[PDB]
Structure formats: structure tokens, C-alpha cells
Amino acid sequence: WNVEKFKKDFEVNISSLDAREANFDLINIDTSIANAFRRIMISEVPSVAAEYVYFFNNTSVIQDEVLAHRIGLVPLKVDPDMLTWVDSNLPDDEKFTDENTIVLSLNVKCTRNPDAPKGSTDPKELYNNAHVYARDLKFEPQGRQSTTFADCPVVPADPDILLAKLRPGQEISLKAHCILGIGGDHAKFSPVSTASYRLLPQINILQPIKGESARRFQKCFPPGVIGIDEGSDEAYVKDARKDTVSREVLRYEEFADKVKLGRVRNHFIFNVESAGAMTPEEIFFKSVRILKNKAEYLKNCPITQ
Amino acid sequence: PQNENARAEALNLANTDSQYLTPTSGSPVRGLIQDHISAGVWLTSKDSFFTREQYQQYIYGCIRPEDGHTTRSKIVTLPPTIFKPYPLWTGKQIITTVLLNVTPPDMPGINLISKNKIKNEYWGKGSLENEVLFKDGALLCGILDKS
Amino acid sequence: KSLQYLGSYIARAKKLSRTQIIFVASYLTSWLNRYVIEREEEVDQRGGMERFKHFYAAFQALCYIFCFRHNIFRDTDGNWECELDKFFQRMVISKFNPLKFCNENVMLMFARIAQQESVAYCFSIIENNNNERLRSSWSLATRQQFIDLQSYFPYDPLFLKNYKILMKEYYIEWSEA
Amino acid sequence: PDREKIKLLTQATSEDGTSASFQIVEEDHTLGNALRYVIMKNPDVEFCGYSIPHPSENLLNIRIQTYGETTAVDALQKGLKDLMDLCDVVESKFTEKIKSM
Amino acid sequence: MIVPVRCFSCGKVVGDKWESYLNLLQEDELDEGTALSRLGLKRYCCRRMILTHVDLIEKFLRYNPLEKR
Amino acid sequence: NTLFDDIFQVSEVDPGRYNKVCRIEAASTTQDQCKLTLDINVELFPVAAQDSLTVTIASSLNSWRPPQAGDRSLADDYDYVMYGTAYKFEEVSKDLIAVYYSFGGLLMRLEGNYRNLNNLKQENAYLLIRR
Ligand SMILES: [Zn+2]
């Protein structure tokens, strides 16, 4: 082995890329490294989420800490590069700056609606502001942010998230500070609605299988995985890439003898979904970079005896 | 305990470590259970083989040589069972290697002829895997078990 | 601790006579010359450089004394009392490698001054030392107390208004030396 | 600098330095496994493995023994460098494929 | 009580999907598994969150101490 | 140096309850009294009944480390090589003897005439097999 030998053999295939999810294969890479990227994407790629919630009033049916919690789960559409990290050794006054923190406010009172169509069940027409949504988090820019974030207001990635419900007379009033964090610390910071991989299917047939066996054999795998060839009448593999590895074949006695199920073994099929802040490819790039910095930061640290 | 006399007693008289045998009948009370028995039947199976990489990793993950058991200040390994076509170690070698790294070096390896709970018939024709054989500290035959 | 006291005292105490000072230098180089003659052989043997705390301790004190009072150790000829020119070099190049194990700020100041006085050249040995560092071993569990003990100087200047004034007649401020 | 990250465990490191154990803070399987993979490709390395004393103390123990051409500390450095270079190769390859996509 | 915001396992936002899911069952007269799919809930992780949610809050809300019943 | 070789013909290849190891029973083609029993990683060296295997036991090959630039040894002449220990000898009859080997658990039992197996000692040994 040798880094050049790796470069010549490594390969990437991008099946589908989208603003929310990516499906791609890493080919001829070692499991230890694929796993690294996977772990890093879930737990070490920074994101912005609400961390501290300051209540001035909440007379809703939902308790403060619980409300605070859900606000923290709301994925904010914020570029984490636009923020610096908080130093948690300073007092509260010094701790939060215009490079540190994003402030969201929320201010709803519920009143009864006079103009309700008599005999109505719907709370939209019965009550004003009965339902509180993530979109109701108002972005309040501080200091330089009026400028910096003028081209991209802070908005939740999923506006229609139900946050709270109210009835006449109840109010919610809170400010939230949102900062950088990582999934390993708390899952609210994870930038994925999940990054995972599977090893690629390898279905290899240990002798020809034809006729009524072919049709039978073909039905042990999802539609399109196994083909029946015209001519030799024998079964062959169309694309393993569609296989779910149910191992259904291995149940029927006649086939368990004639098939081995494996993988194209390093060959990793990654699926990455973004929680909404960054694109998948950015999140994967950021992870490949994070791994490299670990190695670089370590190479440059002095070894103390 | 709050003074050195009580310390000495808790470390030398009422300490766990001695109390391997019960005073009732003089038999063992400490051993491994569940996952660890099932695991042993598998790891010490004839079907069990490991590459250099795996073998060395199992060893270091369990030895903890950075301890009071500096029987050596270098981990010792065996040569592989299969040299060619590919270097492979067996599970039974992992056991031999473990004992080899934690028993005293100035002292010959253990010698034991014993039996386990699984009849030879279960492995196939001609098996002797029910017979547990340690010669000079090496597991030469048999799987390891609740027994 | 005594060796720190000893070195701090000789350096600071204004009413000391040239010869009482040379007395302490003559004791230290003498005791030092013996240490290196009888013990250097123990370095490449089994153990660590801590085995020699006491050596560095004394060599520090002597170096420190040289910082504050080097202008005194030149006799009428312009020669050095105690052959300090020839002596320092020998220790600096020894296997104990004092420069690496003594207080960093003193070793530095001694370098500066010693080099200036054509007494010794340490600066390449220092370079080598903190290069080997980036890339002679001592635990650091106990290595720190020593660094701590070698940082304290019991007669570094006073900060009590009156006492200070009262001490002036008996004190040499660094600016004076 | 930062001296508290990696340290030598002098009670399992030989006189000749061809064998050594290091304790690295704040690192688990992620770096550990990747680093031993890389190190074991070094032809002068006779032994290498990593272990995690306990899931509750953030500590990583690496062992390296060489055949005597380089020291154990050398192998650690080549491994770390090799690992960095390996990531570069991946980043560059991924970039090209995104562009070409 | 109220819809969870994210799926416990996936991390995927699910809280914007409750009111619509009900409208799918009700108005479009779909079965549960068809409706879940139409909202983008693919992993059984995520289908579980909406499939088995109990909007208990709508019960809590009927006791409002701040209005003359 | 070499301690024993012979061409054996395989009678039975039993996979037992394993799926990487098989128990092989085989008789010599040169001695009517020499027979063999051997566990083999058949994933690395497949064997079928009626195969003919050349089987060599040797004391050395002319401590272990991964192959390097231009290493040459007795292993080069064969397909499958194992290292192990002789752990038991037994009298079978007035004329014949059996020796027992373990290769990290994979067991060999070699029975033969006491003159035909003269060189075998209770030591470690390499096993070499080629097709
Ligand atoms: Zn889910």
C-alpha cells in the first residue's frame, strides 16, 4: 500500500444529489475510514441551534423546560461558518457577542374570536393565534448582524413545525440565544436527519439456474434485481444496487445450495439527509475535512514524555 | 475505613481477590456468565481464524499491559498456525497468547486435561473438541465453556 | 530550598565582602567539579536525570550568583576567579546538561551574560535543547515541584513600602548589578 | 503548545525506543482504528494496536513496536502524516467527482 | 402530548406533519401507510413517530382555567 | 530439514458443523498402512474426495514476520502451509504408530509404520500441502 495506489483505485459515484439528501458510493476505501466520515457527519459537524431560552412569561399548558427543549430541536437555516464559537469561561455579559450568538424572540397572546361561525370545531376560527409555529420565531439582529445577515434572515428550515397551542388569555414570551455546537454534545446540533451507509450487494450464483427455477429464484429478490435472460433461459443479476439483502433466497431449500450472498466489500453506499441548514455535500465535505484536521492537529502537537 | 489498620485488613483479609473459593465446600464462586460463555464457544471453535491484524488487536484490547501485570514490558505473540497461503491464527491461539502474557515468565506453562459440556458428536465425525487439553500453557484441543 | 536561599543571598546582600562571595563561588565550583568527576559516569547508566536534582540546584545557585556579581570575579589581571571561563563550559557540555534542567529564565540570563563575558557559550546547547523538545528524561509528576522550587527566590525585591526603604542599605536591586 | 494531549507511558517503553505506548486524551475508535491501519502499513512496524481502557474515560492507548530501523515515535509520526495525506487524497477525489458530476 | 418536533432516531423534522397527516386520513381517505409515505416518512424510525402519535394535548386543552365555561 | 512426505488420496471431506473447516480422511498411495486425518481451512484450500494431496512435515523452512522483499523458503514449493505442535504419540500395534498434531486447534492424526515415521519428534513442525 501507498497513498498513490489508493488514489488510482479510489472512486466516487453520485447516484442522486438534492438540496436535502445525497446518495453516493465510495468505492475501494477501507471500512475504518468510511466509518470515520459517518461518525463525524453525525456528531462533529457544527450547527446552529437554540441553546439558552429566556422566558418572561408562559401561561400555556406546556411547561417552560419542555417548550425550551422543542425550540432547541428546531433546525435553524443558518450557515455555521457565519458564526464563531462561544468561550464558556467568560461571564454572561462577555460570553455573548454578534459573532457568537443569534437571538430569536417569540411573542404570542391568544384571544377569543367573536366572529366565529357558530358551531365551529376548528381552533383557527374559534381562537386567534391558538397555534404557535416555528415560523413565529422572529429573528432579532444584533450589532453588525443587521448588515451580515441582511441577505439571509434567520428562518427555521421547517416553518410549519407545531411548537405550542394556546387558549384565550394565555401568552408566551421568550428570547432564545442560538450558538454553535456539535451532535456529540447534544443531538439538536447534529446536522443530519441521518447519515448512514450500507455495503453494496453482491449476489453471485454458484451454477446456472433456469426454467421454472429461474422464475422462482427471481422472486426471492425485489423487482429488477434478478433478470431472466432470453436464450440461455438462465437467471443472471441485473443490478444488485436495488437489492435490500432480505436473505429471502436462503429460506427456500432448493436455492440455499446455489447462491452466496456477499458485498463488494469496502464499496460503501452512503445516504446523507440534511436537517436543513447545509446541503448534504457540504456536510460530507466538512466531515472529510474534520478528519484531516484531527490528523494534522495531532502531527503538530509535541509529545510530552 | 478510616485508618491504616482497617486499610490493611480490607486489602488483605476481606478483599475480593482471595475469595475465589467458598468456605462451604471449597469451590469457585467467581466466573463469567451469559455473553461470555456463548462468546467462548464461538471464539475457540475450530472454524475460528484471525488475520495478523485481528489477532494482535484482540490481544491488546484485553491484556491491558499498562498495569501491574508487567510480566514483560513487551507483548509476546505466537507464530501463526497457517503460514501459507495466508497468515492465520486460531482462536485457541488467542487464549494461549493471553495466558502467555499474564502468567509468570520464570515459570512453565499450565498443564491440564479436562472436559467441557459439549459432546464430540455435536461437532462432527472424529471430533475431540469435548476434550480440553492445555500443554505447556497452550490450548491444543477443545473449546472453552461454562465448565 | 537552601540552595535557592544561598544563591539569592549572595546575589542580593549588599554588605557582603568580595571574598565572602568568592568563598561561596569557591565552594560551589569545588563541590561541582567533584560531582562531575565522580558521577558523570552514572548518566548513561540506568535511572533518570532527576537522580541529579541536587547537581542542577547547586549549578543554578552558582549561575545565579554569577549573574548578579560577575563584575567581581575578575581579578586585577582581568583573569577569572575560580577559572569561571574554563569551568562553566565544562558543566554546560557535560552529560548532565544543566541548561536543560535548571530554571529557564536564569539559564537564559546566564547565557546572555556568560556569552558577553567570553566566559561560556551556551546558546547552541539551548537551541539543541528545545529542538529535541519539539521533535535525559524525567517523570514530570515530580519534575514540576522542582521547576517550582527553582523559580522561587526568597530575596527577590520586597513590596512593603517602609521595609523596602529600610532594606535599601542592605539590598542590590537588579538595576544596580 | 498543548502538553496534556498525548503522553508516553514510560512503563511499557523500552530503552532503545523501538517499542512504546502512548496515551491520547479525547480520542476514541474514530482516530484510533484509522491510525493503527495506517501505522501497520509501515514495513518496519512489528506490532501495533489501540485500546480503550474504559468508555467513561476519554482515553486512547496506542502501542507501537518496530523491527529496529526506526523508533516507535518515528512510526507514530509517519502514521500521523500518512493519515493526513490519505485524507487529502479523498478530499481531492471527491471534489473532482462533484465537479465532473 | 403534542407532536414531537424531530423523530427520536432519524433527527428528521416531523412536527410539521401532524395536521396534514390527519387531513390525509380524513379528507383524501387514504390508509395510514400511504399517507405516511406521501409526507416523506421513509424510514420506519420516522413512520413510527406520526403513525403512533397521541394528540393528548387536545384533551388537556378542554380544561382552561382562564374562561367562563 | 524435511521429516516426512507422501502422496495421500482423500477418502472423505466432512464439513462437520463448521463452514470454513473440513475434516479430511486420506490414505497413502505408497504405504498400505499409512493413513491420515486432518482439519483444513477449506475456504483457503478447497478439497474434494478423490483429490491427491502431497503432504510434507518439516522441522523448519530453508521468528515469523510478514514476507519482505525477496524472501525465499520451503513454503514457496507448496499451496497450503500450517505451523503447529506434536502433542501425543501412541503405539497402535507391534508395528504401527500414530502421532498427533495441533495447528492452533485444527487436528492432525498421522498413523503409519514405525520406520516410515522415524523422524517425527514431539516438537513443533510445519505442515506443507500441495495439489
Ligand atoms: Zn422517524
# chains A, B, ... in the order shown; residues from 1 in each chain; ligands from 1
>>> select_by_dssp(residues="segment 59-107 of chain B", states="strand (DSSP E or B)", output="list in words")
residues 82, 83, 84, 88, 89 and 90 of chain B
>>> closest_atom_pairs(of="chain F", to="chain D", cutoff="12 Å", atoms="only C-alpha atoms", output="JSON lines")
{"residue": "F:63", "atom": "CA", "partner": "D:46", "partner_atom": "CA", "distance": 11.4}
{"residue": "F:64", "atom": "CA", "partner": "D:46", "partner_atom": "CA", "distance": 10.1}
{"residue": "F:65", "atom": "CA", "partner": "D:46", "partner_atom": "CA", "distance": 7.5}
{"residue": "F:66", "atom": "CA", "partner": "D:43", "partner_atom": "CA", "distance": 8.6}
{"residue": "F:67", "atom": "CA", "partner": "D:43", "partner_atom": "CA", "distance": 9.8}
{"residue": "F:68", "atom": "CA", "partner": "D:43", "partner_atom": "CA", "distance": 8.4}
{"residue": "F:69", "atom": "CA", "partner": "D:43", "partner_atom": "CA", "distance": 10.4}
>>> write_last_selection(atoms="N, CA, C and O atoms", output="short mmCIF file (atom, residue, chain, number, x, y, z; two decimals), in the first residue's frame")
data_model
loop_
_atom_site.label_atom_id
_atom_site.label_comp_id
_atom_site.auth_asym_id
_atom_site.auth_seq_id
_atom_site.Cartn_x
_atom_site.Cartn_y
_atom_site.Cartn_z
N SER F 63 12.25 -15.43 13.90
CA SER F 63 10.85 -15.84 14.03
C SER F 63 9.93 -15.05 13.11
O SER F 63 10.33 -14.05 12.53
N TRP F 64 8.68 -15.50 13.00
CA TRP F 64 7.81 -15.06 11.91
C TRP F 64 7.51 -13.58 11.88
O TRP F 64 7.30 -12.92 12.92
N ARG F 65 7.44 -13.10 10.65
CA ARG F 65 7.33 -11.70 10.34
C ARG F 65 6.72 -11.70 8.95
O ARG F 65 6.92 -12.65 8.19
N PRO F 66 5.92 -10.67 8.61
CA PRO F 66 5.36 -10.58 7.26
C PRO F 66 6.45 -10.65 6.20
O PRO F 66 7.48 -10.00 6.37
N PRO F 67 6.22 -11.46 5.14
CA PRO F 67 7.04 -11.54 3.93
C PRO F 67 7.63 -10.18 3.51
O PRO F 67 6.95 -9.15 3.58
N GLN F 68 8.89 -10.18 3.12
CA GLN F 68 9.55 -8.96 2.67
C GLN F 68 10.02 -9.08 1.23
O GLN F 68 9.70 -10.05 0.52
N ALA F 69 10.79 -8.08 0.82
CA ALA F 69 11.45 -8.09 -0.47
C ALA F 69 12.35 -9.33 -0.63
O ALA F 69 13.34 -9.48 0.09
#
>>> interface_residues(of="chain F", to="chain B", cutoff="10 Å", atoms="only C-alpha atoms", output="VMD selection string")
chain F and resid 14 to 23 25 37 39 to 41 44 to 45 63 to 67 75 to 76 78 to 87 101 to 107 126 to 129
>>> write_last_selection(atoms="C-alpha atoms", output="PDB file, in the first residue's frame")
ATOM      1  CA  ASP F  14     -16.537 -33.684   6.176  1.00  0.00           C
ATOM      2  CA  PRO F  15     -17.557 -30.062   6.823  1.00  0.00           C
ATOM      3  CA  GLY F  16     -18.964 -31.053  10.201  1.00  0.00           C
ATOM      4  CA  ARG F  17     -20.996 -28.225  11.649  1.00  0.00           C
ATOM      5  CA  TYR F  18     -18.428 -25.599  10.517  1.00  0.00           C
ATOM      6  CA  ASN F  19     -18.268 -23.695   7.284  1.00  0.00           C
ATOM      7  CA  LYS F  20     -14.564 -22.879   6.852  1.00  0.00           C
ATOM      8  CA  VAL F  21     -13.016 -26.083   8.151  1.00  0.00           C
ATOM      9  CA  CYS F  22     -13.365 -29.661   6.988  1.00  0.00           C
ATOM     10  CA  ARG F  23     -12.093 -32.914   8.380  1.00  0.00           C
ATOM     11  CA  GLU F  25      -9.555 -38.582   5.810  1.00  0.00           C
ATOM     12  CA  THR F  37      -6.833 -37.315   9.442  1.00  0.00           C
ATOM     13  CA  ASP F  39      -8.586 -30.376   9.722  1.00  0.00           C
ATOM     14  CA  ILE F  40      -8.173 -27.853   6.926  1.00  0.00           C
ATOM     15  CA  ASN F  41      -9.286 -24.290   6.350  1.00  0.00           C
ATOM     16  CA  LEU F  44      -8.303 -21.104   1.765  1.00  0.00           C
ATOM     17  CA  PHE F  45      -7.623 -24.540   0.316  1.00  0.00           C
ATOM     18  CA  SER F  63      10.855 -15.841  14.033  1.00  0.00           C
ATOM     19  CA  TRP F  64       7.805 -15.062  11.913  1.00  0.00           C
ATOM     20  CA  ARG F  65       7.332 -11.703  10.338  1.00  0.00           C
ATOM     21  CA  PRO F  66       5.362 -10.580   7.263  1.00  0.00           C
ATOM     22  CA  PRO F  67       7.045 -11.537   3.929  1.00  0.00           C
ATOM     23  CA  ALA F  75       6.861 -22.648   1.702  1.00  0.00           C
ATOM     24  CA  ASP F  76       7.339 -21.467  -1.892  1.00  0.00           C
ATOM     25  CA  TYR F  78       3.573 -25.583  -1.755  1.00  0.00           C
ATOM     26  CA  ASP F  79      -0.009 -24.314  -1.825  1.00  0.00           C
ATOM     27  CA  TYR F  80      -1.016 -24.526   1.862  1.00  0.00           C
ATOM     28  CA  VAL F  81       1.232 -24.236   4.905  1.00  0.00           C
ATOM     29  CA  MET F  82       0.457 -24.607   8.619  1.00  0.00           C
ATOM     30  CA  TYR F  83       2.529 -24.333  11.811  1.00  0.00           C
ATOM     31  CA  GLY F  84       1.795 -26.467  14.872  1.00  0.00           C
ATOM     32  CA  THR F  85       2.807 -28.794  17.688  1.00  0.00           C
ATOM     33  CA  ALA F  86       3.164 -32.531  18.161  1.00  0.00           C
ATOM     34  CA  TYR F  87       1.429 -33.314  21.445  1.00  0.00           C
ATOM     35  CA  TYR F 101      -0.501 -32.607  15.811  1.00  0.00           C
ATOM     36  CA  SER F 102      -2.429 -29.473  16.641  1.00  0.00           C
ATOM     37  CA  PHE F 103      -2.403 -26.413  14.460  1.00  0.00           C
ATOM     38  CA  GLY F 104      -3.986 -23.865  16.761  1.00  0.00           C
ATOM     39  CA  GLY F 105      -6.783 -26.365  17.199  1.00  0.00           C
ATOM     40  CA  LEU F 106      -7.003 -27.887  13.721  1.00  0.00           C
ATOM     41  CA  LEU F 107      -6.052 -31.504  14.437  1.00  0.00           C
ATOM     42  CA  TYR F 126       5.419 -27.070   9.744  1.00  0.00           C
ATOM     43  CA  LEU F 127       2.865 -28.805   7.546  1.00  0.00           C
ATOM     44  CA  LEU F 128       3.025 -28.349   3.794  1.00  0.00           C
ATOM     45  CA  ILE F 129       0.383 -29.416   1.317  1.00  0.00           C
TER      46      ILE F 129
END
>>> residues_near_ligand(ligand="ligand 1", cutoff="7 Å", atoms="only C-alpha atoms and all ligand atoms", output="list in words")
residues 7, 8, 9, 10, 12, 41, 43, 44, 45, 46, 47, 48 and 49 of chain E
>>> write_last_selection(atoms="N, CA, C and O atoms", output="compact mmCIF listing (two decimals), in the first residue's frame")
# COMPACT_ATOMS: atom_id res chain seq x y z
N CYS E 7 -38.04 13.29 14.86
CA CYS E 7 -38.05 11.84 15.06
C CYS E 7 -36.95 11.47 16.03
O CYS E 7 -35.80 11.90 15.87
N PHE E 8 -37.28 10.68 17.04
CA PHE E 8 -36.29 10.31 18.07
C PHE E 8 -34.98 9.71 17.55
O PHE E 8 -33.92 10.00 18.08
N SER E 9 -35.06 8.92 16.48
CA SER E 9 -33.88 8.21 15.97
C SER E 9 -33.17 8.88 14.78
O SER E 9 -31.93 8.96 14.77
N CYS E 10 -33.96 9.35 13.80
CA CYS E 10 -33.53 9.93 12.49
C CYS E 10 -32.92 11.32 12.77
O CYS E 10 -31.83 11.65 12.31
N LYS E 12 -35.01 13.64 11.98
CA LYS E 12 -35.79 14.28 10.92
C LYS E 12 -37.00 15.02 11.45
O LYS E 12 -37.75 14.49 12.26
N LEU E 41 -42.12 10.29 4.99
CA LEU E 41 -41.59 9.47 6.08
C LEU E 41 -41.21 8.08 5.57
O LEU E 41 -42.07 7.22 5.42
N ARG E 43 -38.00 5.98 6.45
CA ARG E 43 -37.50 5.06 7.47
C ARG E 43 -38.58 4.67 8.48
O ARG E 43 -39.36 5.54 8.90
N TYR E 44 -38.64 3.41 8.91
CA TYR E 44 -39.64 3.06 9.93
C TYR E 44 -39.48 3.81 11.27
O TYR E 44 -40.46 4.04 11.97
N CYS E 45 -38.24 4.19 11.60
CA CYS E 45 -37.92 5.26 12.57
C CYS E 45 -39.01 6.33 12.52
O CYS E 45 -39.78 6.51 13.47
N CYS E 46 -39.10 6.99 11.37
CA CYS E 46 -39.91 8.19 11.21
C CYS E 46 -41.40 7.90 11.03
O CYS E 46 -42.24 8.69 11.47
N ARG E 47 -41.74 6.78 10.41
CA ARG E 47 -43.14 6.47 10.19
C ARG E 47 -43.79 6.25 11.54
O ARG E 47 -44.93 6.64 11.77
N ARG E 48 -43.03 5.64 12.45
CA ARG E 48 -43.50 5.34 13.80
C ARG E 48 -43.92 6.59 14.56
O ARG E 48 -44.91 6.56 15.31
N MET E 49 -43.18 7.67 14.39
CA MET E 49 -43.46 8.91 15.11
C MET E 49 -44.86 9.47 14.84
O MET E 49 -45.57 9.85 15.76
>>> atom_distance(atom1="atom CA of residue 180 of chain A", atom2="atom CA of residue 48 of chain A")
4.7 Å
>>> select_by_dssp(residues="chain E", states="alpha helix (DSSP H)", output="ChimeraX atom specification")
/E:18-26,32-38,44-51,57-60
>>> residues_around(residues="residue 30 of chain B", least_positions_apart="6", cutoff="9 Å", atoms="only C-alpha atoms", output="ChimeraX atom specification")
/B:19-21
>>> residues_around(residues="residue 121 of chain F", least_positions_apart="5", cutoff="12 Å", atoms="only C-alpha atoms", output="list in words")
residues 3, 4, 57, 58, 59, 85, 86, 87, 88, 89, 98, 99, 100 and 101 of chain F
>>> residues_around(residues="residue 59 of chain D", least_positions_apart="3", cutoff="6 Å", atoms="only C-alpha atoms", output="MDAnalysis selection string")
chainID D and resid 24:26
>>> atom_distance(atom1="atom CA of residue 18 of chain D", atom2="atom CA of residue 70 of chain D")
6.9 Å
>>> residues_around(residues="residue 96 of chain C", least_positions_apart="2", cutoff="12 Å", atoms="only C-alpha atoms", output="ChimeraX atom specification")
/C:32,35-37,39-44,48-57,59,90-94,98-102,136-137
>>> residues_around(residues="residue 32 of chain B", least_positions_apart="6", cutoff="12 Å", atoms="only C-alpha atoms", output="list in words")
residues 38, 39, 40, 144, 145, 146 and 147 of chain B
>>> closest_residue(among="C:16, C:24, C:84, C:3", to="residue 58 of chain C", atoms="only C-alpha atoms")
C:3
>>> closest_atom_pairs(of="chain D", to="chain A", cutoff="6 Å", atoms="only C-alpha atoms", output="JSON lines")
{"residue": "D:3", "atom": "CA", "partner": "A:304", "partner_atom": "CA", "distance": 5.6}
{"residue": "D:6", "atom": "CA", "partner": "A:303", "partner_atom": "CA", "distance": 5.8}
{"residue": "D:7", "atom": "CA", "partner": "A:304", "partner_atom": "CA", "distance": 5.2}
{"residue": "D:8", "atom": "CA", "partner": "A:305", "partner_atom": "CA", "distance": 5.1}
{"residue": "D:30", "atom": "CA", "partner": "A:36", "partner_atom": "CA", "distance": 5.4}
{"residue": "D:34", "atom": "CA", "partner": "A:32", "partner_atom": "CA", "distance": 5.7}
{"residue": "D:80", "atom": "CA", "partner": "A:299", "partner_atom": "CA", "distance": 5.7}
{"residue": "D:84", "atom": "CA", "partner": "A:295", "partner_atom": "CA", "distance": 5.3}
{"residue": "D:87", "atom": "CA", "partner": "A:292", "partner_atom": "CA", "distance": 5.4}
>>> write_last_selection(atoms="C-alpha atoms", output="tab-separated table (two decimals), in the first residue's frame")
chain	number	residue	atom	x	y	z
D	3	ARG	CA	1.25	19.05	26.53
D	6	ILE	CA	-0.54	12.79	24.20
D	7	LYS	CA	1.90	11.27	26.64
D	8	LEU	CA	4.37	8.39	26.77
D	30	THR	CA	-12.56	7.12	15.25
D	34	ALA	CA	-7.68	4.73	11.45
D	80	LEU	CA	0.01	10.52	11.51
D	84	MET	CA	-3.25	13.30	6.80
D	87	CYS	CA	-7.45	12.38	3.74
>>> interface_residues(of="chain D", to="chain C", cutoff="12 Å", atoms="only C-alpha atoms", output="VMD selection string")
chain D and resid 1 to 4 7 to 11 15 73 to 74 76 to 77
